[PDB]
Amino acid sequence: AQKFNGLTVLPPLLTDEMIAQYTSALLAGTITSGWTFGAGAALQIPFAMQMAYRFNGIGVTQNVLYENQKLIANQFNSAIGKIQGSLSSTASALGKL
Amino acid sequence: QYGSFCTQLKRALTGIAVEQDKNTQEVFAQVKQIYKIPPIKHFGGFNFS
Amino acid sequence: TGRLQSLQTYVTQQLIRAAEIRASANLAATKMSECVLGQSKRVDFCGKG
Amino acid sequence: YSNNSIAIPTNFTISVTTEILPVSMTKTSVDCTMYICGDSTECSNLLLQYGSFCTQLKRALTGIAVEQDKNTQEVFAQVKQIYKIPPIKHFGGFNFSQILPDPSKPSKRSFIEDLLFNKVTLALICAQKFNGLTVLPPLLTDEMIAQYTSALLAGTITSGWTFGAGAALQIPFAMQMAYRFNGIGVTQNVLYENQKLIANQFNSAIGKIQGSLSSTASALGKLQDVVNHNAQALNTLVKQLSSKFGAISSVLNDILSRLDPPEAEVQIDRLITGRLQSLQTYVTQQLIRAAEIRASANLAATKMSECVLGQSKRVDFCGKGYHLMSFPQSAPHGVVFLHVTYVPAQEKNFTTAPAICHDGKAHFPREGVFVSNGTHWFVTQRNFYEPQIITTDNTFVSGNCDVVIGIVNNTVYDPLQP
Amino acid sequence: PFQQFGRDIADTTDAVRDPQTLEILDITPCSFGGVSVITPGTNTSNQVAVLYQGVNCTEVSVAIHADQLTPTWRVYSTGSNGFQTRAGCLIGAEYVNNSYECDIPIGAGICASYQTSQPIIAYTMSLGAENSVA
Ligand SMILES: *[C@@H]1O[C@H](CO)[C@@H](O[C@@H]2O[C@H](CO)[C@@H](O)[C@H](O)[C@H]2NC(C)=O)[C@H](O)[C@H]1NC(C)=O
Ligand SMILES: *[C@@H]1O[C@H](CO)[C@@H](O[C@@H]2O[C@H](CO)[C@@H](O)[C@H](O)[C@H]2NC(C)=O)[C@H](O)[C@H]1NC(C)=O
Ligand SMILES: *[C@@H]1O[C@H](CO)[C@@H](O[C@@H]2O[C@H](CO)[C@@H](O)[C@H](O)[C@H]2NC(C)=O)[C@H](O)[C@H]1NC(C)=O
Ligand SMILES: *[C@@H]1O[C@H](CO)[C@@H](O[C@@H]2O[C@H](CO)[C@@H](O)[C@H](O)[C@H]2NC(C)=O)[C@H](O)[C@H]1NC(C)=O
Ligand SMILES: *[C@@H]1O[C@H](CO)[C@@H](O)[C@H](O)[C@H]1NC(C)=O
Ligand SMILES: *[C@@H]1O[C@H](CO)[C@@H](O)[C@H](O)[C@H]1NC(C)=O
Ligand SMILES: *[C@@H]1O[C@H](CO)[C@@H](O)[C@H](O)[C@H]1NC(C)=O
Ligand SMILES: *[C@@H]1O[C@H](CO)[C@@H](O)[C@H](O)[C@H]1NC(C)=O
Ligand SMILES: *[C@@H]1O[C@H](CO)[C@@H](O)[C@H](O)[C@H]1NC(C)=O
Ligand SMILES: *[C@@H]1O[C@H](CO)[C@@H](O)[C@H](O)[C@H]1NC(C)=O
């Protein structure tokens, strides 16, 4: 009904599949090379050592990460799991879009 | 007889339409190469599934 | 007269909303660059804590 | 990717990129009565019955015009004193001749500034002007903006980032680059031992900037778009005077010379309605474009403060790679930043471990990372391969070897023992 | 030979053929522009300067100007006592060769201020103190 009076909707240049591919590439780069892929070539590094670097970046020595790796992984997994309920429950979460 | 209002509106809408694609490109196309996760998912115990 | 006025009003509103969306998209691109492609020391820019 | 393999660069590259930002647009003024009615008193009196639209349009245009000068002032007038480069141009082998002012030309612009000035072509003016439209010159001439950029360049290359926080404290340029290298996580001995190579790479990149600007036609796209948008808006505003808007003619003098007042009022009002509508549309479009230009100018001022007057840790804010420094250049209605950044070049893959087990103690690197070439273990800085013997000064002890996952047995040398 | 009058890109008549002499005359609109009054606060003084924007000083003349014929407007509408800046014709301000911080922006690098004779002065704005790093 809106279209019938000279109004048209142009499809976006990037399909949703292409944007999903872009996000997947960003995720793979982040989890396989840390921040190195954003400054040049992607330099692989074990994820535990990457998190140790991140801990060094906030003022905590990396031995804390290496000695609480299991606890930190458990907390991260729990938070990721809670994200699903956080999105589903609140109706105003996806408010801006 | 009303002049060139139609061309102005057309140009404004075209500019907006191009700007939308520019916005998406700037936000998402920040990666040079399409990296792929390795088939093995052993990341220090972290679970990104 | 009325239809042209309505069209012009629509185009002006679209321009204003496009400016707002462009500001939001620039913020999103900055957050992608500084929070995802790196680690940010800016407080509350990439979340609380 | 594996859980015990790391990649470390063994070389680097100095990369200089260009970022172009609009700062200000053309300051225009419109005479409401002259545009709508020309020089006819009957039309002026009829327009007087429409209220105070003319004052609103005048105020909006004046606000835009003042805001343009404010934008230029905020972007460029960020330096307290007009610094001058020393006559001797010995900066550790770095060659800034292509960005320093050229005194031979009257404008005193640099080589790259002249390329930018010639690359942007203006859009004819008299015809637009003849109908009550005027263009106000900017408060700062191009010479003054060139002087501001020259002062910023001199301060940057003679005092590092110190001149942006207070008095300019001189420092040799090689030592300034060593500080910049320390700022990105690379020890200064790398700079001091590869000074010649780094100077050569910087000079090569500066040389390539000229071809980069000249070749791509869309490089100077934003400034050209601003100029074209202003010219197109003015052309449309003038063209709207040829419309009839339902009247018998688009010329007011013909209406006056062909009709008596009681019949001329209808046609004059029909013209007035359309011309006032066109003027209001022009003012609204100018306001929206002025808001966009103000946002761009605020971004440019932030980049001037954080990329030129300092070294930025923000990723991709001052170019791709690890930011080293930036140089400003003026351009028609805008600014150009030459971002000099550090890019890791030639990476090799080594075996890696999170900690080293020795005498039942776990050693972690103080500032680097443990690497192995296959047989021996070293500790190296993260952004540049420089292996060193694992001692008690490169590492620190924390607990035993029973907690860390992936710890590797190895010996830790002790300087005090021999 | 068949053409009578000419139009520009904006379709405004800019040339015309004389019906009798059959010559081509170019038409240029008579000069116009905005008038700006440059003044320190009335708390300071009542002296003002007048800037005719975007016109040569030679054109400024009371006889044909839209400026009134009141004695003060006669004083401030004579182009003979006028300094020619790129922003236009400035009347009532004296140009000095010193450089100060901008007080009242006129344009094109020209600023104006009030200094204790106590007339309005016009000068080229100073960007700042020159400095040479050792
Ligand atoms: C990562 O987390 C996902 C859940 O988000 C795990 O998948 C679940 O595994 C349990 C146990 O095998 C199943 O009962 C669930 O049905 C699974 N859910 C989904 C959505 O697949 C996954 O096993 C975890 N990965 C690892 C390596 O532990
Ligand atoms: C690091 O890379 C630079 C190039 O950016 C290398 O310098 C070049 O070395 C080759 C020889 O292999 C010469 O032919 C070139 O003339 C050099 N170029 C410049 C600009 O000097 C440098 O050798 C590399 N260093 C290491 C240790 O690999
Ligand atoms: C800095 O680079 C410039 C080029 O951008 C050098 O000037 C060139 O010098 C060569 C050799 O003397 C001449 O053949 C070119 O004609 C010069 N070009 C220009 C534009 O002047 C300059 O010599 C370099 N400075 C130093 C100290 O090496
Ligand atoms: C890993 O690095 C070590 C240390 O540089 C290498 O050991 C050296 O090998 C060379 C052979 O070219 C000998 O001359 C040195 O005496 C060795 N140093 C020591 C301390 O024993 C080792 O060969 C390297 N392994 C590789 C490259 O696979
Ligand atoms: C680097 O990767 C190659 C490819 O598999 C491998 O053969 C080599 O051993 C690796 N280097 C080290 C030091 O592990
Ligand atoms: C790395 O992954 C392999 C494959 O599962 C495993 O055998 C090895 O123990 C892992 N290394 C560490 C340090 O966990
Ligand atoms: C490391 O050394 C300890 C003590 O010598 C020993 O118990 C352990 O098995 C060693 N680990 C490896 C992988 O050789
Ligand atoms: C009109 O008459 C005058 C009188 O001599 C003459 O000079 C002129 O050429 C004539 N023009 C035409 C078009 O007849
Ligand atoms: C004003 O007119 C005079 C006389 O023709 C001329 O010399 C001067 O250059 C003109 N002013 C400008 C700014 O061109
Ligand atoms: C300024 O200097 C010029 C010389 O360039 C001179 O002609 C003029 O009289 C001077 N005016 C003042 C006020 O010093």
Side-chain angles (χ1 to χ4, degrees), chain D residues 27-35 38-39 41 44 58 62 65 69 106 125-144, chain E residues 14 25-42 44-126:
Chain D
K27 309 161 57 181
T28 62
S29 180
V30 176
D31 190 2
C32 193
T33 301
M34 172 84 75
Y35 176 81
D39 53 76
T41 313
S44 175
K58 173 180 172 180
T62 299
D69 286 327
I125 275 72
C126 296
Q128 304 174 0
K129 176 186 171 55
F130 287 157
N131 299 274
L133 319 177
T134 54
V135 172
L136 311 179
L139 176 56
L140 287 176
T141 56
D142 295 332
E143 285 71 21
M144 297 182 168
Chain E
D14 65 337
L25 311 175
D26 183 11
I27 301 183
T28 303
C30 310
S31 298
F32 63 92
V35 177
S36 298
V37 179
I38 305 167
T39 167
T42 58
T44 301
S45 171
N46 293 25
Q47 298 285 2
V48 300
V50 177
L51 176 73
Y52 298 89
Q53 298 174 178
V55 284
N56 202 335
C57 278
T58 64
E59 295 174 342
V60 179
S61 62
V62 49
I64 54 187
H65 240 299
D67 313 325
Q68 292 297 324
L69 282 75
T70 305
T72 313
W73 269 115
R74 174 172 291 100
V75 173
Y76 285 105
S77 53
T78 53
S80 303
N81 311 327
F83 178 63
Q84 176 67 24
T85 82
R86 191 166 296 270
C89 191
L90 186 59
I91 303 178
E94 178 197 354
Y95 183 80
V96 300
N97 288 336
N98 310 341
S99 297
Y100 312 90
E101 189 178 11
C102 193
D103 192 6
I104 305 172
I106 292 182
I110 299 298
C111 297
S113 66
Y114 182 74
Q115 298 282 21
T116 58
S117 61
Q118 307 179 175
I120 310 294
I121 64 160
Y123 52 88
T124 296
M125 54 185 297
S126 179

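Within every chain, numbering begins at 1; the chains are lettered A, B, ... in the order of the sequence lines, protein sequences first and strands thereafter. Reckoned from all heavy atoms, side chains included, excluding hydrogens, waters and symmetry mates.
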Fill in the blank from the handout: CD1 (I121(E)) and CD (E94(E)) are apart, to the nearest 0.5 Å, by 8.0 Å

Practice task
Look only at the side chain of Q68(E) and the backbone of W73(E), and say whether a donor-acceptor pair between them is shorter than 3.5 Å.
Solution key: no

Fill in the blank from the handout: Nearest heavy-atom contact between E101(E) and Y123(E) is O-OH, 2.8 Å

Problem - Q53(E)-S36(E) side chain donor-acceptor pair, cut-off 3.5 Å - result: yes

Exercise for the section: Kindly indicate whether the side chain of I106(E), heavy atoms from C-beta on, has any atom under 4.5 Å from the side chain of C111(E). Expected result: no

Handout entry: Close side-chain approach of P119(E) and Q47(E), heavy atoms under 4.5 Å
Key = no

Handout entry: Main-chain N/O of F32(E) paired to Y52(E) side chain as donor or acceptor, under 3.5 Å
Key = no

Practice task
Look up atom CG in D14(E) and atom SG in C126(D), then write down how far apart they are to the nearest 0.5 Å.
Solution key: 10.5 Å

Practice task
With rounding to the nearest 0.5 Å, note down the distance linking CG in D103(E) to OG in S113(E).
Solution key: 5.5 Å

Problem - Candidate pair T28(D) and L136(D), rule side chain to side chain contact (heavy atoms under 4.5 Å, CB included), full reasoning - result: CA-CA 6 Å; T28(D) 62; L136(D) 311 179; over 6 Å; no

Practice task
Report yes if some heavy atom in the side chain of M125(E) is under 4.5 Å from a heavy atom in the side chain of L140(D); otherwise report no.
Solution key: yes

Practice task
Before accepting this row, confirm whether a basic side-chain N of the pair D69(D)/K27(D) lies closer than 4.0 Å to the acidic partner's carboxylate O.
Solution key: yes

Exercise for the section: Kindly indicate whether the side chain of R86(E), heavy atoms from C-beta on, has any atom under 4.5 Å from the side chain of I110(E). Expected result: no

Practice task
Decide yes or no on side chain to side chain contact (heavy atoms under 4.5 Å, CB included) for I91(E) and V60(E), but give the supporting numbers first.
Solution key: CA-CA 10 Å; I91(E) 303 178; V60(E) 179; 3.9 Å; yes

Handout entry: Inter-residue atom distance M34(D).CE - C32(D).SG, 0.5 Å rounding
Key = 12.0 Å

Handout entry: Side chain proximity check, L69(E) to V62(E), heavy atoms < 4.5 angstrom
Key = yes

Exercise for the section: Search all heavy atoms of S77(E) against all heavy atoms of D67(E) and return the closest pair with its distance. Expected result: CB-OD2, 3.3 Å

Exercise for the section: Apply side chain to side chain contact (heavy atoms under 4.5 Å, CB included) to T42(E) and list each qualifying residue two or more places apart in sequence or on a separate chain. Expected result: none

Practice task
Measure the OG1-CD1 distance between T39(E) and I120(E) for me, rounded to the nearest 0.5 Å.
Solution key: 6.5 Å

Handout entry: Closest approach of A49(E) to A93(E) (non-hydrogen atoms, all atoms of both residues)
Key = CB-CB, 4.2 Å

Problem - Any donor-acceptor N/O pair, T85(E) side chain to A87(E) backbone, under 3.5 Å - result: yes

Practice task
Report yes if some heavy atom in the side chain of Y76(E) is under 4.5 Å from a heavy atom in the side chain of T78(E); otherwise report no.
Solution key: no

Problem - 4.5 Å side-chain heavy-atom contact, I38(E) and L51(E) - result: yes

Exercise for the section: Without swapping roles, check the side chain of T44(E) against the backbone of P40(E) for a donor-acceptor pair under 3.5 Å. Expected result: no

Handout entry: Check: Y100(E)/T124(E) side-chain N/O donor and acceptor closer than 3.5 Å
Key = no

Problem - Nearest-0.5 Å distance that lies between atom OH in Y35(D) and atom CG in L133(D) - result: 7.5 Å

Problem - Residues, nucleotides or ligands: over 12 heavy atoms within 6.0 Å of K129(D) NZ - result: yes

Exercise for the section: Take atom CD1 of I64(E) as the centre, draw a 6.0 Å sphere, and report whether it contains more than 12 heavy atoms from other residues, nucleotides or ligands. Expected result: no

Handout entry: Sidechain-backbone polar pair: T70(E) side chain, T72(E) backbone, donor-acceptor under 3.5 Å
Key = no

Completion exercise
Taken in chain and number order and not counting sequence neighbours, the residues that satisfy side-chain hydrogen bond (donor to acceptor under 3.5 Å, both in side chains) with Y114(E) are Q118(E)

